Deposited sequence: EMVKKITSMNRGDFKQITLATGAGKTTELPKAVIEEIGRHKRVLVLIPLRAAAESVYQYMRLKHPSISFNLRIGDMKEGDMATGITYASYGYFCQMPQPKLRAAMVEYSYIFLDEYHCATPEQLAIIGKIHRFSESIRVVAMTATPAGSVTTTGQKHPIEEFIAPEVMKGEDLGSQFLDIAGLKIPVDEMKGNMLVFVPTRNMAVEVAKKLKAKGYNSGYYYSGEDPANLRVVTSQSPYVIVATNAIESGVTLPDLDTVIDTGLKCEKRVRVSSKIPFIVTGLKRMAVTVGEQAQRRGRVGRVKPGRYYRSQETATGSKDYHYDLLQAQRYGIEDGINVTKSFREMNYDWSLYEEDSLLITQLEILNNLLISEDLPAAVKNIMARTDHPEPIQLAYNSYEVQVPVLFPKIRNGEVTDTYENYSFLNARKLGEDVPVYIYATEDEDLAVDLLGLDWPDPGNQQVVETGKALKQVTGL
């Protein structure tokens, strides 16, 4: 039925498709579109995960031997002209330079965007990069967006006397005749307060081989992280409603960009994963905490990692994102931070990147190679900041391949981009970030003070 909606479209129109019925919104809708449009025509489907693109590819070449199917999760294909439907990852087209990306994308009758709501750096790069020639393409963006009892589990006050201590959540002792699953933010608590249940008397386990031995005996009470990737006869769910995910702080004073792991609330979909862990077998329970699960995923960190894919081509990934989201209306905007990340994206690409630094990004194991690109405007040698452990300065450092870095000492560098832990060392060692020495970063700073005021 939605086929004649999709087949109304000219080159230069976009549609958002909400419906996600059956085991394949991304399987059945393009099938129906290529039935109507013809097997002589190439159709593109873009899937976040590499494995999901392969899984859907295997299933569709099996259910449908009349229609041709193609997989693109690896290396580039030059002059690629496969005539059927193509299941590809976003990372695949993220290899492509802008002439090649254009040359690839105009060759399709339709381009289907699957699970745009994940907002991975490869996703935000692609969707922003294709909107640059939005006039030449037909773009369709689709998404997904037994009894369970609701109680907001109340927070435990310090020094307080039919309840048990579960990381500051009030859950009754009577619910320890069942089988319960604890969701926690810190990668540390799932070792510690999971040990505590065993130190209280409750049979417990953390986050494969250790899981199989733990799962068999009862009562079982497990503390776990975000691993949907079901469960042996799960009775009850407890949720702290929080997670540990990356944030980006922007300031007009050095360091301009600060990033790191932070305790933030989950989304509605990410909560539905926690709400939907029990129930299917028998009517189970749900105990969340007193924080609102957000409507959208806060993507601003991934948007920063996304800027890396615009450097070689000279594309402002953040500018390209802003305009795409004005036309297509895919995501929620924090106007101020988006506006702030843009001026930094003007700094990032204001100059040609030095050939040496352009090598280091490609071959290193640094989790944030973008940090090297931002700091190259002020620093010619990367700086090893002493690692922070349990909020305190250590003697340990990060050994990252190809960095050729200088250890901090007391010499504090002029950094445009820093980490919370790097910023904390400078607080705690009793030290100060110096002022900008390069005028282009001065210019960016003046601009960021201006855009916060309004």
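- Of the deposited sequence, positions 146-156, 173-175, 220, 223-226, 249-251 lack any modelled C-alpha atom.
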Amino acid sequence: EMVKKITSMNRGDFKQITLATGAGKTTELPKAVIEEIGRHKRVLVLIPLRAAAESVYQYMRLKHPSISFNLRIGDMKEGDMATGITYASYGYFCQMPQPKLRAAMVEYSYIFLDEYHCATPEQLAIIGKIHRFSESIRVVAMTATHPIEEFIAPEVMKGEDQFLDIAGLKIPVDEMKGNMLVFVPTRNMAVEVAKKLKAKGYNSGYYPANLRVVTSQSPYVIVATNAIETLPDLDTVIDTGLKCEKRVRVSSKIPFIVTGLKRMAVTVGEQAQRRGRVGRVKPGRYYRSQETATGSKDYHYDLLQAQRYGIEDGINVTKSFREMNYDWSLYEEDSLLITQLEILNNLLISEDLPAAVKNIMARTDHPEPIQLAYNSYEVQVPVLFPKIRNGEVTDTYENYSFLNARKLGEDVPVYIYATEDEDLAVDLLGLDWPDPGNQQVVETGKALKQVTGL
From here on, numbers count along this sequence of modelled residues.
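- The stretch 38-46 shows the higher mean C-alpha B-factor when 414-422 is compared against 38-46 in the entry.
- In this entry, 29-37 has the higher mean Cα B-factor, the comparison being between 385-393 and 29-37.
- Taking the deposited Cα B-factors for 369, 310, 154, 99, the highest one is held by 154.
- In the deposited coordinates, the residue among 172, 314, 260, 121 with the greatest CA B-factor is 172.
- Sort the chain's modelled residues by C-alpha temperature factor and residue 21 lands in the highest third, per the entry.
- For residue 162, the recorded CA B-factor ranks within the highest third of the chain. Only modelled residues enter the ranking.
- Placement of the Cα temperature factor of residue 103 within the chain: lowest third of the modelled residues, per the deposited record.
- For residue 356, the recorded CA B-factor ranks within the middle third of the chain. Only modelled residues enter the ranking.
- The deposited CA B-factor of residue 87 belongs to the lowest third of values across its chain.
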